[PDB]
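First comes the structure, then the notes that go with it.
Cβ sites come from the backbone with ideal geometry, for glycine too, and all protein chains shown count toward neighbours. Readers should treat all values here as calculations from the given coordinates under stated rules, not as data from a laboratory.
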Amino acid sequence: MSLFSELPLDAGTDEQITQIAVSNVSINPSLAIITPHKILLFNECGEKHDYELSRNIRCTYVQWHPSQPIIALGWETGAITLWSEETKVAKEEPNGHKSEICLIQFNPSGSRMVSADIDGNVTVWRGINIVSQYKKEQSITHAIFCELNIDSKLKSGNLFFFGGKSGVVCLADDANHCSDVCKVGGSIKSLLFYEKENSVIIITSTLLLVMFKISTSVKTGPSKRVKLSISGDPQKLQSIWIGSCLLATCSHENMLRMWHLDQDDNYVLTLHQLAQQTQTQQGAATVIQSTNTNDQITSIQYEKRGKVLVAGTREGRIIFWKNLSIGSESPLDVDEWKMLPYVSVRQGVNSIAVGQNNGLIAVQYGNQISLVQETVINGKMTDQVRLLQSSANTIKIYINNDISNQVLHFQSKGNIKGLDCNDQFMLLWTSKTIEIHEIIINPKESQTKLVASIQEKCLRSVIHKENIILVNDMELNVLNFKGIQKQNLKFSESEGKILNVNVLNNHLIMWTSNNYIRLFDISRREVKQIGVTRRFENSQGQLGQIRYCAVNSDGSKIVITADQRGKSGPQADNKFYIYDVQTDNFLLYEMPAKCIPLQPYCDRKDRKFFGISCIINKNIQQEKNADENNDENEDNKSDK
Amino acid sequence: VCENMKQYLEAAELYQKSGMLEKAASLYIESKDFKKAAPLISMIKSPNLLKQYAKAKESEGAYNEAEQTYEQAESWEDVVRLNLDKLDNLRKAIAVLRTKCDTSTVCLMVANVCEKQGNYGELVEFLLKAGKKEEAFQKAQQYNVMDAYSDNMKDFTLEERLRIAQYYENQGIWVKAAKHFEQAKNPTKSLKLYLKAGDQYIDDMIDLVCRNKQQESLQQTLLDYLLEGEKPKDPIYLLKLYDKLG
């Protein structure tokens, strides 16, 4: 299912590092190191950038733009700086604040920002300019934008809630309208927001979850005060939002506590799975100490794109969990969660940082840093050519000969990100560069030669005939073997961002983030857009959010598996869609809820034939069996 | 077998007499037997059969029957397409667009229908409702209808305020361009161009003083400009604004 690639890095600094940050850009991520004196910037390759942003003013906080490479820096004097790396431009505000900035947060759209200091002053910024200022008692730990289920005319993204050790929570926005809710109290550790119920989740040191319910004109006290039986340190407790409504809590203890709000179900993940892994791994000449499976976990971080939860034990073990549940809905029990092989670390892990670039992880232990990447098992099919990415560098090539099936093992310089082939060539694209290989087939042995290597940056590269189409999140261009740009085509901003592409025969298809589907023909030497852009919208209403797409041989039929996101409700949607280019309609196929479609596959040569993989929802079958069997069924004899 | 080889209608009467009539109705709406298929459309409410029947109606040339068929089938994009074809009833089209919660694609289609008007203002409001605000930007400024589109988009983005400003200024109007300048959240530019504005606008500039107290060059340069402005004027207004300054 997946492999983990760990890359140790050389800090090369005498000063002890303090903070680590990872960029959230979808392509070519970067990481930042904050020390008491210097501010270091590293690329994905792990080398020191020539430009240095270290300044006389001490740096105390750094934040990344959720979808842009722009970085935000906050000093000890309250001044803020906004820096664009790609163009190397800086814009600083001298009178940002009169006290040291504690935490910096960005709204999901990146339009607004909130800066809070220890004295209690909180300023909301539209971009880089001051809009509204608030004075509050005592320091505020964090502030997060909130979107209550309010009418459209009263709906605005400037609403936010700030929580701190003062125990006072008030609604505020850039319009200087402060709605003082206050209430609660104590040393509040963390605050979270829930959209559908407009719920404020408060975690304090009193081991008491507070699920506050708030209305626009009505104030309501906490309906339930959830008590924690936590043996660990209450101060070190941290909770994270997993899935739609799951809460994952850890307090420097061996136990991971998961709470489900819909039925208020509590379950626990242990480290005896690590004991099983040690049993299944300590079966050869391996130097591993005695199994201490009661170890505590320091940091837990979840990545949604990879669906990977990373937890760090204090003895130097990094454990991975995978959300096998289909759809954005949270897991309901322990069965859905899967446990992945761990990573051995020399010393106890201290910090874990997650960046939304294929789930990039920055791991810090002591004064040492390292990078962790997730590689999905990629498999490519063309006539006579089967390509498998078993590991980071090892590539398995299968050739079908009537006398026997031939297997070749190819070793690369380092990790390889993606592979493609077109019956004649093998094109591999990694983080560093892109390479093309010509494979020679002979019964005695098969020899592969690298035709060329180009140091170009792109997300996906599809090779056909003699040219390669490169696609980036906003554009697509054509390249030849020499490296000239015949054509490049752009997109609009609101149609979405290119996430993944599919190619078959001489037709390629891509779907953006806003449920927009584009179809292109590559039979001509220059790719041409066929038809017009089509939103995944029906006349009655929107069908949902696209998950997976497939194209048949001729290109007339397109299979779509999508999730409708039923607002903390039904498990996605177990009904799929078929789109015909001629009629421009979306026929809907309904299949029994016993299974949920996962990913479609279209036949290579036959137009009418295709196949669909389905995950069997074990929970609902057991629930239905329990409901049905408890009716006039007692003591059935024999054959059971 | 007989419908597979060549004979469609006879298979349809056989279907009707065999107790299964859905495909018989489909073949009637496929063939030229709409008079017999009208009761079939009457008692059964299959939406796909309704859409195919409306396609047959627009093929034969009947515009009102197909319009009503698409109206009762909830497929109202085909309604505006048929209005394009023959009806050209843009008022009722706009009413349907407002009532039925149009999306971005239907917004592009109604932009297309407005393209055949020569005014393009309705295109401006329709694309404002669309949210497709990049090519609409250049179409609005290119057709010299920038005023209303900018009036609506003055609350969404500010990365391209300068070209809006320059293109609106060359039109010959400065009364509304100045208000756009003030609202564009650019204090230094707004003040430096209310320097060139008349005496009547200064009050609004004074209101900006109430809104932007961070700067201080605005009041000073306003004072400097009014000191030597023409001959002496009413001192009461000047002392009022001085007292407002502090």
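A few notes on this one:
- Put in order of Cβ neighbour count within 10 Å, fewest first, the listed residues A:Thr433, A:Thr298, A:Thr206, A:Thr249 become A:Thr433, A:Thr206, A:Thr298, A:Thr249.
- Counting charges near A:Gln545 (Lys, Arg +1; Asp, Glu -1) among other residues having Cβ under 9 Å from its Cβ returns a value of +1.
- Dipole in debye (nearest 20) - chain A, about Cα centre, beta carbon charges: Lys, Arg +1; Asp, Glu -1: 780
- Relative contact order (percent, whole number), chain A, Cα cutoff 8 Å, 6+ residue spacing: 6
- Cross-linked pairs A:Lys465/A:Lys490; A:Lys304/B:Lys129; A:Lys618/A:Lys640; A:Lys380/A:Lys557; A:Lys608/B:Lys17; B:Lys23/B:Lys55: Cα-Cα separations exceed 25 Å for A:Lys304/B:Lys129; A:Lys608/B:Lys17.
- Alpha-carbon centroids, segment A:617-635 and segment A:552-589: separation in whole Å: 32
- Ignoring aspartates and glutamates fewer than eight residues from A:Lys219 along the same chain, the ones with Cα atoms less than 15 angstrom from its Cα are A:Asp180, A:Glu197.
- Contact order, relative form, for segment A:425-553: 12 percent (alpha carbon pairs under 8 Å, 6 or more residues apart, mean separation divided by residue count).
- Annotation for segment A:457-503 versus segment B:52-114: alpha-carbon center distance of 37 Å.
- Take each residue of peptide B:99-107, count the partner chain Cβ atoms within 10 Å of its Cβ, and average: the result is 3.
- Farthest towards the positive end of the charge dipole of chain B, among the residues B:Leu87, B:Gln72, B:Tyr201, is the Cα of B:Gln72, using unit charges on the Cβ of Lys, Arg, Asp and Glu.
- Computed from Cα atoms, the angle from the helix B:34-43 axis to the main principal axis of chain B rounds to 70 degrees.
- Neighbourhood charge, 12 Å Cβ-Cβ cut-off, centred on A:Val462 and excluding it, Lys, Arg +1 and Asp, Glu -1: +2
- Cross-link pairs beyond the 29 Å C-alpha cut-off, checked among A:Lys135/B:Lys179; A:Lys213/B:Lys100; A:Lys91/B:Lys240; A:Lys227/A:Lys338: A:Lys135/B:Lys179; A:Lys213/B:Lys100; A:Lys91/B:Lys240
- Annotation: the residues A:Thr375, B:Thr221, sorted from fewest to most other C-beta atoms within 10 Å of their own C-beta, follow the order B:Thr221, A:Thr375.
- With contacts taken as Cα pairs under 8 Å at a separation of at least 6 residues, segment A:560-640 carries a relative contact order of 19 percent.
- Given charges at Cβ of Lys, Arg, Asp, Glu: segment A:345-498 dipole, positive-most of A:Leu476, A:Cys421, A:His437: A:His437
- Separation of segment A:309-371 and segment B:1-18, taken as the distance between their Cα centroids, equals 65 angstrom.
- Take each residue of peptide A:529-540, count the partner chain Cβ atoms within 10 Å of its Cβ, and average: the result is 3.
- Enclosing the Cα atoms of the protein assembly as shown in their convex hull gives a volume equal to 278 cubic angstrom per residue.
- Mean-square fluctuations from a GNM of chain B, with a 10 angstrom spring cutoff on Cα atoms, peak among B:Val79, B:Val110, B:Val175 at B:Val175.
- Protection proxy ranking of A:418-425, B:38-45, B:99-106 - average other beta-carbon atoms within 10 Å, highest first: A:418-425, B:99-106, B:38-45
- Tilt relative to chain A, helix A:272-281 - C-alpha long axis, 0 to 90 degrees, to 10: 40
- Nearest-ten-degree value, helix A:618-629 long axis tilted from longest Cα axis of chain A: 80
- Other residues within the sphere of radius under 13 Å centred on the Cβ of A:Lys189, judged by their own Cβ, net out at +1 (K and R +1, D and E -1).
- Residue with peak Gaussian network fluctuation, chain B [Cα springs, cutoff 10 Å], from B:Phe126, B:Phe181, B:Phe34: B:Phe34
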